[PDB]
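Chain by chain, the residues:
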Amino acid sequence: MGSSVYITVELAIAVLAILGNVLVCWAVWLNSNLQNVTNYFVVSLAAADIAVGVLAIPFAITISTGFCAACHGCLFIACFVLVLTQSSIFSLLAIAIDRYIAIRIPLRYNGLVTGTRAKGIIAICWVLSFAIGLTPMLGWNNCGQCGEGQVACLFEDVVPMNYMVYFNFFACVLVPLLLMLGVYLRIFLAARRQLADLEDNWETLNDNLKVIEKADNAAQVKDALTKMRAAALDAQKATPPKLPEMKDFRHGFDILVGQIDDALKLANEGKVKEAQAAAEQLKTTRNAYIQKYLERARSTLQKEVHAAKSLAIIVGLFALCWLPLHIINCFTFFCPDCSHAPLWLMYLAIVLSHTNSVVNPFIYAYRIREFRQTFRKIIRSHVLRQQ
Ligand SMILES: COc1ccccc1CNC(=N)c1nn(-c2cccc(C)c2)nc1N
Ligand SMILES: O=C(O)CN(CCN(CC(=O)O)CC(=O)O)CC(=O)O
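Residues numbered from 1 in each chain as written, not as in the entry; some residues may be left out. Chains lettered and ligands numbered in written order. Heavy atoms only, no water. Residues with missing side-chain atoms left out of burial classes, pairs and counts.

A. The overall build of the chain, seen in detail. Tallying secondary structure elements over the chain gives twelve helices and two strands in all. When the helices and strands of the chain are placed in sequence order, the string is α-α-β-α-α-α-β-α-α-α-α-α-α-α. (Helix = DSSP H or I, 4+ residues; strand = E, 2+ residues; numbered from the N terminus.)

B. Highlighting the UniProt feature "transmembrane region" in the chain. Here, the residues flagged by UniProt with the feature "transmembrane region" are residues 5–29, 40–63, 75–97, 118–140, 161–185, 311–334 and 343–366. From the first C-alpha to the last, residues 75–97 spans 32 Å; its make-up is 91% helix and 0% strand. Between the end C-alpha atoms of residues 118–140 the distance is 32 Å, and the span holds 70% helix and 0% strand. (UniProt positions renumbered as here; feature names shortened; annotations may be inferred.)

C. Up close: the domain arrangement of the chain. Split into domains, the chain comes out as domain 1 (2–159 + 337–383) and domain 2 (194–298). Distance from the C-alpha centre of domain 1 to the C-alpha centre of domain 2: 52 Å. (Domains from an automatic or database assignment.)

D. Focus on the UniProt feature "disulfide bond" in the chain. Here the UniProt disulfide linking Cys68 with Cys146 is intact, its two sulfur atoms sitting 2.0 Å from each other. For the UniProt disulfide pairing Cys71 with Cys143, the two sulfur atoms lie 2.0 Å apart, close enough for the bond to be present in this model. A residue pair is termed long-range when its members are at least 10 positions apart, and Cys71 in helix α3 (residues 71–78) and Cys143 in the loop between α5 (115–133) and β2 (151–153) qualify at 72 residues. (Disulfide = S-S within 2.5 Å.)

E. View of the packing of helix α2 (residues 37–63) against helix α10 (residues 343–367). Between α2 and α10, the shortest axis-to-axis distance is 9 Å and the interhelical angle comes to 145°. For the pair α2 and α10, the crossing hand works out as left-handed. On α10, the residues that touch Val42, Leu45, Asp49, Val52, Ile57 and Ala60 of α2 are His354, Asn356, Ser357, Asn360 and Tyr364. Taken together, the residues of the contact of α2 with α10 break down into six nonpolar, four polar and one charged. (Axes fitted to C-alpha atoms, helices over the stretch in contact; angles between N-to-C directions. Left-handed = near helix turned anticlockwise from the far one by under 90°. Contact = heavy atoms within 4.5 Å. Nonpolar A, V, L, I, M, F, W, Y, C, P; charged D, E, K, R; others polar.)

F. Here's a closer look at the packing of helix α8 (residues 250–268) against helix α9 (residues 272–333). Direction vectors running N to C along α8 and α9 enclose 175°, while the axes themselves pass 9 Å from each other. Between α8 and α9, the crossing angle belongs to the class labelled roughly antiparallel. On the side of α8, the interface is formed by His251, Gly252, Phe253, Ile255, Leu256, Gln259, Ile260, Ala263, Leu266 and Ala267, while α9 contributes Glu274, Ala275, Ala278, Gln281, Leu282, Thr285, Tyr289 and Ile290. (Parallel < 35°, antiparallel > 145°, perpendicular 65-115°, else oblique.)

G. The arrangement of the packing of aromatic side chains in detail. Both rings, one in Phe169 and one in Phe170, keep their centres 5.3 Å apart while their planes meet at 35°; by these two values the pair is tilted. When the centroid spacing of 6.5 Å and the interplanar angle of 25° are considered together, the rings of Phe170 and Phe334 count as stacked. An aromatic cluster is present here, built from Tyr166, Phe169, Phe170, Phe333 and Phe334 joined pairwise through their rings. A cation sits over an aromatic face here: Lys119 above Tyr40, 4.7 Å from the ring centre. (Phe/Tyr/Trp six-rings, centres within 6.5 Å; stacked < 30°, edge-to-face > 60°. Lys NZ or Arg CZ within 6 Å of the ring centre and 35° of its normal.)

H. Structural context of α9. Compared with the 92 Å implied by 1.5 Å per residue over 62 residues, the 78 Å span of α9 between its first and last C-alpha is markedly short. The principal kink in α9, of about 60°, is found at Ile290. (Expected span 1.5 Å × (residues − 1). Bend = angle between axes of the 7 residues up to and from the residue.)

I. The arrangement of the state of the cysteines in detail. With its sulfur 2.0 Å from that of its partner, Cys71 forms a disulfide with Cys143. Here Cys71 and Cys143 share a disulfide; its torsion about the S-S bond, -85°, makes the bridge left-handed. At a sulfur-sulfur separation of 2.0 Å, the disulfide partner of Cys74 is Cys153. Around the S-S axis, the bridge from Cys74 to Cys153 shows a dihedral of about 80° and counts as right-handed. Should the bonded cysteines of the chain be numbered as they appear in the sequence, the pairing reads 1-5, 2-4, 3-6, 7-8.

Quick look at the structure:
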């Protein structure tokens, strides 16, 4: 029977959505390291994911087939998952904003994103999600056309199809959904490419520094030095130290290149052994002046890629799960002449949306390493409090 597989899966998902996200909250709370403000919103997301696994899913199973209830009451069952959805779109929105305010402006952050302003941002969304989510209950419903005073609750017969498309989807979801991927797919892409270039330069001058020490004639030296001077110049304009004022950075490269030129001058003059002797100085010159920034830059990007990629995946799946259900509501509203999407497809669109509140923990398990071994960290944190 298909109906059992539905309720079987519906309950199965509800279990994971609860257990998965509840684990996140323990790690976010038990583990001290995972207590960064960015996880404050991770909790708001997991809290909404928990509410979906507890209340939303049962509410869905019931309205799946309809039921007799008041119009002012049945809107809760049908339009409660709406609040949890907008809350998610608000939580992801914050994490996307919290991560951007730290990638492009790592300076004015700890004075810009305090623990208190964050706590207020979350509540203002839930009360605004309750407002956006439970909007049809203010007096925008189709329960006009059971017992005395009760109306047949079936969603599409109660929820205005123009509220799910124009407002909920377009304004409250589609706008924010596109807003986040377009930014972090670029940040993840620009960073992805930028990190690759920075390494090819560090490796090309690190490699060509060796070809000079073990070189035969003056040609090999003149050619490597040229390739080195290319990498240094490329790296020079590629590693801005955030923050021309107070930059002991442009001086660094100009000390390095200054010796590459003296070396090319040596090689060009046919002084190979004398030119390769200056190559060892370059190692010392690289380690002394430039090595500091090469590493500092390669680290900042490894965080941009891992964070944008992570946040992109979270938002990526969130948009990949909630779109089919919104696409149907669009193909249904803009083409009333089209046959309404079949239940077997409608059901499949509802079931998928419930999964988004399950992947988040899995994503964190496949991405956040701290959250991963956080159990062994909680244990050790307790056994240590014994001597
Ligand atoms: C017959 O199909 C079902 C299967 C399981 C449970 C309920 C139903 C009835 N459909 C619905 N309640 C239903 N929700 N939608 C919906 C669309 C976007 C966002 C949110 C939160 C909800 N869009 C709908 N059509
Ligand atoms: O989801 C993200 O934005 C990426 N992580 C960054 C990675 N995390 C986990 C880790 O790699 O240790 C850093 C952290 O929590 O210490 C943000 C966050 O920490 O909340």
